[PDB]
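Chemist: For reference, the structure I am asking about is given below.
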Amino acid sequence: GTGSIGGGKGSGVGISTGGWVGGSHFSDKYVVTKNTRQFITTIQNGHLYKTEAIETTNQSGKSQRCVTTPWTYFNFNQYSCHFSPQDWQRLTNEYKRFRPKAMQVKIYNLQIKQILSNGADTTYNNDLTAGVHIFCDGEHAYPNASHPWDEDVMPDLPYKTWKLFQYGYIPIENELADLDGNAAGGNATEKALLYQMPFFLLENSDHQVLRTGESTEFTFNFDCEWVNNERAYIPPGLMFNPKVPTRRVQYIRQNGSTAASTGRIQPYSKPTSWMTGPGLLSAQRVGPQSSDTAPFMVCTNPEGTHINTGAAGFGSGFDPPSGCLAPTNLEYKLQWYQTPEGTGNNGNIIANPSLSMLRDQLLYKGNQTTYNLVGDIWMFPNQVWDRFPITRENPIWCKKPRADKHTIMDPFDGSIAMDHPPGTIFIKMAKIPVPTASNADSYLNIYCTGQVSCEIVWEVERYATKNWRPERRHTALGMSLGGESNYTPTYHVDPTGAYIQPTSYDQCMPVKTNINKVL
Amino acid sequence: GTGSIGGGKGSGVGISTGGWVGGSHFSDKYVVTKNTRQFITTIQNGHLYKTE
Amino acid sequence: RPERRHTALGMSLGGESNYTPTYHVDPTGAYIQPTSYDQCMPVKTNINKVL
């Protein structure tokens, strides 16, 4: 049902630079997702680079220093971006693993409008000679624009308008520069940090400038590890045959009155060579919602401790701490809101056990009498665990920090650590100077709308099982009713046009809950 | 991180006549500096040559 | 021996509240200027030549 486009192959105002793409194609080895959004970008910071310091004192809740830029950026990092709930269901039901392979982004059909405000009404007219600056940072030569679990992501519904967020970054750890700080300290390393605090201008590189008849296109080739969709039906410790005897001997030392005994290990409990995976349960969250509450605080202090007992502005919180361990409290569970309007207990989704036996692991230390839970299990030889089951609402990737030494990279939120994730596309409108009598900068008030199309080829692979029995699958019967009068199902739309969100973790259709693997 | 420019190679309103350049490249024998500014120019002297 | 070089450690703080270094920008977006001649990084101060 594709029409033949008429009109010449030329270019300019009155010729569109691309069409709308949408929908997925499933195959055995590949899944192709196509998504187009209409985006809107506006002037940021009045075309200025600014810095901001909180100066802590708990007013904001810690000490941050940020530089905000005139730029905005595209954030594609999330699965709901690329998959409809239908397509995500099909992916997690029909395939044991998948990874992104190739990516193609087009920015096209650009429209710059001048904003004319007279009194109480505002008008919008084309300025056809206005440009927009666009470039991708693929070298990661600038601070990353996006961080996992941000609300800046592409809209889930294809017909919603995507408003870009302002780009900004933290030039320095602000608590490490207290300025005067303490008087008898004679601050030096604090000034030394400020003198070498970097400053980044996107204007320091080459940009493409697009007028309304131009378009631009970016391609990216993923070299990626697979995200696996498989469930362990047993722990690795149960891989034995309980009827078979073992050669192994268990010596039990003298316990109180009970004499030291030796004997053959029972057939139904055979020793395992495989250990609980890493995780930290010992810490608890601190302080009011306003501060940084994470149970572990990862700080870098070059000088003399004194983290002000509340972590001050030193460091960032490490959450979730528990890793693959069974969370012993709600604090340790990954939790988010479906909507930027979510608050409190409304609109929040708590991650639930996937019922995979490589997750929710625990370690118990025997004394002579009993077993006690080991709070902090560190990285140890012979640990095996599965990754956090990712839903359609999880971030896809995180960027690996550039560093000399790193341990196993398995972010506990479930995002894939990548050496070179897709580059961020930065976009701002050309500053249009307005002639002014004084030296105060005045500019023309303009905004740009356009279409972005993302197209990802997913390398995918199906499952084969010798299991006799029907496996668990994701089904619409696990959905719930919502909206006004509560007659609208989960991924449907409200009578007001509101898109009903999943209220539970299973409605988000996590991976590793369905297809069984033999250990 | 340079995109492929779409739209025809023709000219007119709605086609930009260049991109933004910026940044330096250092070498042993050469340094290349690239700078772009946005300039504004206005009418001067009401289009007159005057003496003072 | 190590020769003299230009370093950011010769920069100074400026702007409002005077927490912004030399070539950085103010919270108001003002670009802090070098307040001294050495912050301008003159030539012929660093690399030695034998006469």
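FYI, nothing fancy with the structure tokens labels: chains A, B, ... in order, residues from 1 per chain, ligands from 1 as they appear.
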Taking only range 156-271 of chain A into account, list the residues labelled helix (DSSP H, G or I) by DSSP (computed from the backbone), as a PDB file with N, CA, C and O atoms, in the first residue's frame.
Modeler:
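What follows is the written file selection13.pdb:
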```pdb
ATOM      1  N   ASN A 174      31.545  18.846  43.393  1.00  0.00           N
ATOM      2  CA  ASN A 174      31.471  20.191  43.954  1.00  0.00           C
ATOM      3  C   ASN A 174      31.892  20.208  45.413  1.00  0.00           C
ATOM      4  O   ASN A 174      32.479  21.186  45.883  1.00  0.00           O
ATOM      5  N   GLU A 175      31.593  19.142  46.151  1.00  0.00           N
ATOM      6  CA  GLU A 175      31.982  19.095  47.554  1.00  0.00           C
ATOM      7  C   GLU A 175      33.497  19.106  47.699  1.00  0.00           C
ATOM      8  O   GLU A 175      34.030  19.570  48.712  1.00  0.00           O
ATOM      9  N   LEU A 176      34.209  18.608  46.688  1.00  0.00           N
ATOM     10  CA  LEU A 176      35.666  18.619  46.740  1.00  0.00           C
ATOM     11  C   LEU A 176      36.215  20.030  46.607  1.00  0.00           C
ATOM     12  O   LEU A 176      37.366  20.290  46.976  1.00  0.00           O
ATOM     13  N   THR A 189      44.509  21.859  47.341  1.00  0.00           N
ATOM     14  CA  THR A 189      43.958  20.817  46.485  1.00  0.00           C
ATOM     15  C   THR A 189      42.547  21.161  46.026  1.00  0.00           C
ATOM     16  O   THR A 189      42.105  20.706  44.966  1.00  0.00           O
ATOM     17  N   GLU A 190      41.827  21.971  46.800  1.00  0.00           N
ATOM     18  CA  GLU A 190      40.510  22.423  46.371  1.00  0.00           C
ATOM     19  C   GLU A 190      40.622  23.402  45.211  1.00  0.00           C
ATOM     20  O   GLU A 190      39.905  23.277  44.214  1.00  0.00           O
ATOM     21  N   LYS A 191      41.511  24.388  45.329  1.00  0.00           N
ATOM     22  CA  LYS A 191      41.765  25.280  44.206  1.00  0.00           C
ATOM     23  C   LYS A 191      42.409  24.544  43.047  1.00  0.00           C
ATOM     24  O   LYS A 191      42.149  24.870  41.887  1.00  0.00           O
ATOM     25  N   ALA A 192      43.252  23.557  43.340  1.00  0.00           N
ATOM     26  CA  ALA A 192      43.880  22.791  42.275  1.00  0.00           C
ATOM     27  C   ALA A 192      42.841  22.051  41.451  1.00  0.00           C
ATOM     28  O   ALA A 192      42.985  21.921  40.235  1.00  0.00           O
ATOM     29  N   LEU A 193      41.775  21.575  42.093  1.00  0.00           N
ATOM     30  CA  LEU A 193      40.700  20.929  41.351  1.00  0.00           C
ATOM     31  C   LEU A 193      39.949  21.917  40.475  1.00  0.00           C
ATOM     32  O   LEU A 193      39.563  21.585  39.351  1.00  0.00           O
ATOM     33  N   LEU A 194      39.723  23.133  40.969  1.00  0.00           N
ATOM     34  CA  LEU A 194      38.973  24.108  40.189  1.00  0.00           C
ATOM     35  C   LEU A 194      39.766  24.598  38.991  1.00  0.00           C
ATOM     36  O   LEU A 194      39.204  24.799  37.911  1.00  0.00           O
ATOM     37  N   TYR A 195      41.071  24.800  39.158  1.00  0.00           N
ATOM     38  CA  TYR A 195      41.873  25.323  38.060  1.00  0.00           C
ATOM     39  C   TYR A 195      41.855  24.389  36.864  1.00  0.00           C
ATOM     40  O   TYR A 195      41.904  24.839  35.718  1.00  0.00           O
ATOM     41  N   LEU A 202      30.200  22.632  22.577  1.00  0.00           N
ATOM     42  CA  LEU A 202      29.979  21.772  21.432  1.00  0.00           C
ATOM     43  C   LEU A 202      30.438  22.438  20.145  1.00  0.00           C
ATOM     44  O   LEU A 202      30.718  21.742  19.168  1.00  0.00           O
ATOM     45  N   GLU A 203      30.552  23.764  20.138  1.00  0.00           N
ATOM     46  CA  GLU A 203      31.004  24.574  19.011  1.00  0.00           C
ATOM     47  C   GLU A 203      32.444  24.314  18.641  1.00  0.00           C
ATOM     48  O   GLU A 203      32.894  24.751  17.584  1.00  0.00           O
ATOM     49  N   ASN A 204      33.164  23.610  19.493  1.00  0.00           N
ATOM     50  CA  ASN A 204      34.550  23.238  19.296  1.00  0.00           C
ATOM     51  C   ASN A 204      34.716  22.136  18.260  1.00  0.00           C
ATOM     52  O   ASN A 204      35.840  21.702  18.016  1.00  0.00           O
ATOM     53  N   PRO A 236      22.297 -24.139  40.124  1.00  0.00           N
ATOM     54  CA  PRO A 236      23.418 -24.999  39.732  1.00  0.00           C
ATOM     55  C   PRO A 236      23.802 -26.005  40.797  1.00  0.00           C
ATOM     56  O   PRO A 236      24.530 -26.955  40.492  1.00  0.00           O
ATOM     57  N   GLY A 237      23.337 -25.831  42.033  1.00  0.00           N
ATOM     58  CA  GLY A 237      23.685 -26.767  43.083  1.00  0.00           C
ATOM     59  C   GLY A 237      22.869 -28.043  43.059  1.00  0.00           C
ATOM     60  O   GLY A 237      23.221 -29.018  43.720  1.00  0.00           O
ATOM     61  N   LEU A 238      21.770 -28.054  42.316  1.00  0.00           N
ATOM     62  CA  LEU A 238      20.900 -29.217  42.218  1.00  0.00           C
ATOM     63  C   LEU A 238      21.191 -30.100  41.016  1.00  0.00           C
ATOM     64  O   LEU A 238      20.410 -31.011  40.738  1.00  0.00           O
TER      65      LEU A 238
END
```
Chemist: Quick one: residues within 9 Å of residue 10 in chain C, only C-alpha atoms, excluding same-chain residues fewer than 2 positions away - as a list in words?
Modeler: residues 195 of chain A; 6, 7, 8, 12, 38 and 39 of chain C
Chemist: Could those residues be written to a file, using N, CA, C and O atoms, as a PDB file, in the first residue's frame?
Modeler:
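out.pdb, freshly written:
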```pdb
ATOM      1  N   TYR A 195      41.071  24.800  39.158  1.00  0.00           N
ATOM      2  CA  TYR A 195      41.873  25.323  38.060  1.00  0.00           C
ATOM      3  C   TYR A 195      41.855  24.389  36.864  1.00  0.00           C
ATOM      4  O   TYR A 195      41.904  24.839  35.718  1.00  0.00           O
TER       5      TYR A 195
ATOM      6  N   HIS C   6      53.369  26.117  30.672  1.00  0.00           N
ATOM      7  CA  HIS C   6      52.121  26.745  31.081  1.00  0.00           C
ATOM      8  C   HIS C   6      51.186  25.710  31.674  1.00  0.00           C
ATOM      9  O   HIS C   6      50.982  24.641  31.100  1.00  0.00           O
ATOM     10  N   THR C   7      50.617  26.031  32.824  1.00  0.00           N
ATOM     11  CA  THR C   7      49.767  25.110  33.550  1.00  0.00           C
ATOM     12  C   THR C   7      48.525  25.830  34.048  1.00  0.00           C
ATOM     13  O   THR C   7      48.547  27.031  34.320  1.00  0.00           O
ATOM     14  N   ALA C   8      47.430  25.079  34.146  1.00  0.00           N
ATOM     15  CA  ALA C   8      46.202  25.618  34.708  1.00  0.00           C
ATOM     16  C   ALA C   8      46.362  26.029  36.161  1.00  0.00           C
ATOM     17  O   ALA C   8      45.537  26.790  36.670  1.00  0.00           O
ATOM     18  N   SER C  12      43.343  31.695  38.093  1.00  0.00           N
ATOM     19  CA  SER C  12      42.732  32.252  39.289  1.00  0.00           C
ATOM     20  C   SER C  12      41.219  32.065  39.251  1.00  0.00           C
ATOM     21  O   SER C  12      40.638  31.728  38.219  1.00  0.00           O
ATOM     22  N   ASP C  38      50.496  36.136  32.760  1.00  0.00           N
ATOM     23  CA  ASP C  38      50.887  34.742  32.602  1.00  0.00           C
ATOM     24  C   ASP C  38      49.691  33.851  32.313  1.00  0.00           C
ATOM     25  O   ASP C  38      49.840  32.809  31.667  1.00  0.00           O
ATOM     26  N   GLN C  39      48.504  34.234  32.777  1.00  0.00           N
ATOM     27  CA  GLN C  39      47.313  33.472  32.435  1.00  0.00           C
ATOM     28  C   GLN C  39      46.998  33.586  30.955  1.00  0.00           C
ATOM     29  O   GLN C  39      46.305  32.730  30.398  1.00  0.00           O
TER      30      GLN C  39
END
```
Chemist: Neighbouring residues of residue 432 in chain A were defined as those with any atom within 12 Å, considering only C-alpha atoms; residues of the same chain fewer than 6 positions away were excluded. Please report them as JSON, numbers by chain.
Modeler: {"A": [43, 46, 47, 112, 114, 127, 129, 130, 131, 132, 441, 442, 443, 444, 445, 446, 447], "B": [37, 38, 39, 40, 41]}
Chemist: One decimal, Å: what's the distance from CA of residue 323 in chain A over to CA of residue 415 in chain A, could you say?
Modeler: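 Between CA of residue 323 in chain A and CA of residue 415 in chain A the gap is 12.8 Å.
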Chemist: Excluding residue 14 in chain C and its own-chain neighbours fewer than 3 positions away, which residues fall within 12 Å of it when counting only C-alpha atoms? Please give them as a ChimeraX atom specification.
Modeler: /A:179,191,194-195 /C:11,17-27,30-35
Chemist: With only C-alpha atoms considered, list every residue of chain A at most 9 Å from chain C, as number ranges by chain.
Modeler: A: 48-53, 67, 177, 179, 191-192, 194-199
Chemist: If we count only C-alpha atoms, what is near residue 3 in chain C at a cut-off of 12 Å, once residues fewer than 3 positions away on the same chain are taken out, given as a PyMOL selection string?
Modeler: chain C and resi 6+44-49
Chemist: Would you write out those residues with C-alpha atoms, as a PDB file, in the first residue's frame?
Modeler:
```pdb
ATOM      1  CA  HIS C   6      52.121  26.745  31.081  1.00  0.00           C
ATOM      2  CA  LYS C  44      59.299  32.609  24.935  1.00  0.00           C
ATOM      3  CA  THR C  45      58.749  31.748  28.595  1.00  0.00           C
ATOM      4  CA  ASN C  46      59.108  27.965  28.402  1.00  0.00           C
ATOM      5  CA  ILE C  47      61.375  26.244  25.875  1.00  0.00           C
ATOM      6  CA  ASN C  48      65.053  26.979  26.399  1.00  0.00           C
ATOM      7  CA  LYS C  49      67.465  27.658  23.561  1.00  0.00           C
TER       8      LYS C  49
END
```
Chemist: Quick one: residues within 7 Å of range 17-30 of chain A, only C-alpha atoms, excluding same-chain residues fewer than 3 positions away - as a list in words?
Modeler: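 Here the answer would be residues 33, 34, 35, 36, 108, 109, 213, 214, 215, 453, 457, 458, 459, 460, 461 and 462 of chain A; 7 of chain B.
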Chemist: Now that the selection is made, can you save its residues with N, CA and C atoms as a compact mmCIF listing (two decimals), in the first residue's frame?
Modeler:
```
# COMPACT_ATOMS: atom_id res chain seq x y z
N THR A 33 13.21 -3.17 13.73
CA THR A 33 12.26 -2.22 14.30
C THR A 33 12.44 -0.88 13.61
N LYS A 34 11.32 -0.24 13.28
CA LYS A 34 11.31 1.07 12.67
C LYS A 34 10.43 1.98 13.50
N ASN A 35 10.93 3.15 13.83
CA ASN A 35 10.20 4.10 14.65
C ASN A 35 10.43 5.50 14.14
N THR A 36 9.36 6.27 14.02
CA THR A 36 9.46 7.68 13.71
C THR A 36 8.76 8.45 14.81
N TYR A 108 14.82 14.56 9.65
CA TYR A 108 14.33 15.05 8.37
C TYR A 108 13.02 15.79 8.59
N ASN A 109 12.50 16.34 7.49
CA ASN A 109 11.29 17.16 7.49
C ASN A 109 11.34 18.24 8.56
N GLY A 213 14.76 22.15 3.95
CA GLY A 213 14.73 21.21 2.85
C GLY A 213 15.81 20.16 2.94
N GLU A 214 16.74 20.33 3.86
CA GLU A 214 17.79 19.36 4.12
C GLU A 214 17.37 18.29 5.12
N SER A 215 18.04 17.14 5.04
CA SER A 215 17.92 16.11 6.06
C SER A 215 19.31 15.56 6.37
N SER A 453 13.58 9.32 12.63
CA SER A 453 13.30 7.91 12.44
C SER A 453 14.51 7.12 12.91
N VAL A 457 18.38 -3.02 13.36
CA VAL A 457 18.38 -4.44 13.04
C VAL A 457 18.82 -5.19 14.28
N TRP A 458 18.00 -6.13 14.72
CA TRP A 458 18.28 -6.91 15.91
C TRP A 458 18.68 -8.31 15.48
N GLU A 459 19.87 -8.73 15.86
CA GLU A 459 20.25 -10.12 15.67
C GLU A 459 19.59 -10.96 16.75
N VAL A 460 18.84 -11.97 16.35
CA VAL A 460 17.97 -12.67 17.28
C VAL A 460 18.13 -14.16 17.03
N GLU A 461 17.82 -14.96 18.03
CA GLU A 461 18.03 -16.39 17.85
C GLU A 461 16.96 -17.14 18.62
N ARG A 462 16.35 -18.13 17.98
CA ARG A 462 15.22 -18.82 18.59
C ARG A 462 15.71 -19.93 19.52
N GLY B 7 18.65 15.55 1.04
CA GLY B 7 18.25 16.64 0.17
C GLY B 7 19.22 16.81 -0.99
```
Chemist: Please report the interatomic distance between CA of residue 101 in chain A and CA of residue 208 in chain A in Å with one decimal.
Modeler: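 That distance, rounded to one decimal, is 25.8 Å.
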Chemist: Env of residue 454 in chain A: 12 Å cut, atoms = only C-alpha atoms, seq-sep filter 5 positions within chain, self excluded. Answer as JSON, numbers by chain.
Modeler: {"A": [20, 21, 22, 23, 24, 32, 33, 34, 35, 36, 37, 38, 74, 75, 76, 77, 81, 82, 83, 102, 103, 104, 105, 106, 107, 108, 154, 158, 217, 218, 219, 220, 422, 425]}
Chemist: Any idea which chain B residues end up within 12 Å of chain A if we count only C-alpha atoms, as a ChimeraX atom specification please?
Modeler: /B:1-25,33-43
